[PDB]
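Starting off, we have a lone chain in the form deposited in one PDB entry, written out as structure tokens.
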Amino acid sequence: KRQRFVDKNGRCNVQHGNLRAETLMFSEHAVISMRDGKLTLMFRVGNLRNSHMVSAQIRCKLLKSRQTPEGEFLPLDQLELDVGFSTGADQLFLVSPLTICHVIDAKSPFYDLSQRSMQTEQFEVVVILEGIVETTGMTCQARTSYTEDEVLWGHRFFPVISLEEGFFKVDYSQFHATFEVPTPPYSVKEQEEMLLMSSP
């Protein structure tokens, strides 16, 4: 009886309301905060075509100038940010907006990014979203970028989907909106360090 998101035949019961306007779109900011027990870098992606995006896939690169231990200066090195290639979660079912998650762990290049170290670091998260417009079979690409000052430590995205009368409504007025939530200041590596300290 309760309303389903997708009908047996494939039709999605989503409505798009309160309308990067009218294509694929990305939240203005990214955030870092606690989810399911882990420090997570998050941003939001949306689809306002009314074609389905077939084989939708997202990837993320961290762009940064750095110096290698050997002393070489790399003016704009690209490091991978895992956003699903490890589970298949990077192959998106994107009809309503999703919060893409990068879990910060020992393999993440943000492993030792703390709230304080962020005020000093310079980096750029580059997001790449590719898919096939079912309408024409054409492959398209959209991108965005987050600089260090567009990543908000201790913020959480508001929800944009609600249940109302036989469809799931998406409130695009809340697409970019975040709020502050209590969040440790430490990097995951520091958090890790401070446990292999205070452990019996």
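Rigid core: the largest C-alpha set superposing within 1.5 Å between the two forms. In case it trips you up, residue 1 is the first one in the sequence shown, and so on.
Just so you know, the form deposited in another entry exists too; it's not on screen, but the next bit is about it.
Superposing the two forms on their core leaves just one of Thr147, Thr135, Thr68, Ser173 with a Cα displacement of at least 2 Å between this form and the one not shown, namely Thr135. Taking the rigid core as fixed, one finds a CA shift for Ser51 of 2 Å or more between this form and the one not shown. Relative to the shown form, the Cα atoms of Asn50 and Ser96 move apart by 3 Å or more in the other entry. Relative to the shown form, the Cα atoms of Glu28 and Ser51 move together by 3 Å or more in the other entry.
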